[PDB]
């Protein structure tokens, strides 16, 4: 099965191996045991080129894993701003909610990726979105004392 090979080729960042497996019929939307797609692992490990070649060959930009994490969730969490913009331009749900109530704005705010926060707000991120604990991205900024993030959310 070439799905497990494409999964690890997308994680390791082997662009040439991703293009070869795709031509050999590898499941682009294959999932590991956690439900992670090659687009998930590509967006997690900062492989922008593999992210683009995946979306160009039928990758579900809004695929969710077992915990409901989208590639935008992980890209905003790890802080790959370039992958975040590419995912958003390909139809990524900016307000996707995972199993913990977190939106891509929540993870970008918690991790201090202020530039990703500004891009998510520009693309329609719901500031009123609450996690499972009743906290919004603005609530996290106040609770953590992150004044720089609070001013960004106030625009």
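Positions refer to the first chain, counted from 1.
Two stretches are in play, 142 to 150 and 11 to 19, and the higher mean C-alpha B-factor belongs to 11 to 19. For the two regions 89 to 97 and 126 to 134, the entry's Cα B-factors average higher over 126 to 134. Among 36, 105, 26, 53, the highest C-alpha B-factor in the deposited entry belongs to 53. Highest C-alpha temperature factor among 116, 111, 66, 59, as the PDB entry reports it: 66. Among the modelled residues of the chain, residue 30 sits in the lowest third by CA temperature factor in this PDB entry.
Sorting the modelled residues of the chain by their CA temperature factor places residue 84 in the middle third.
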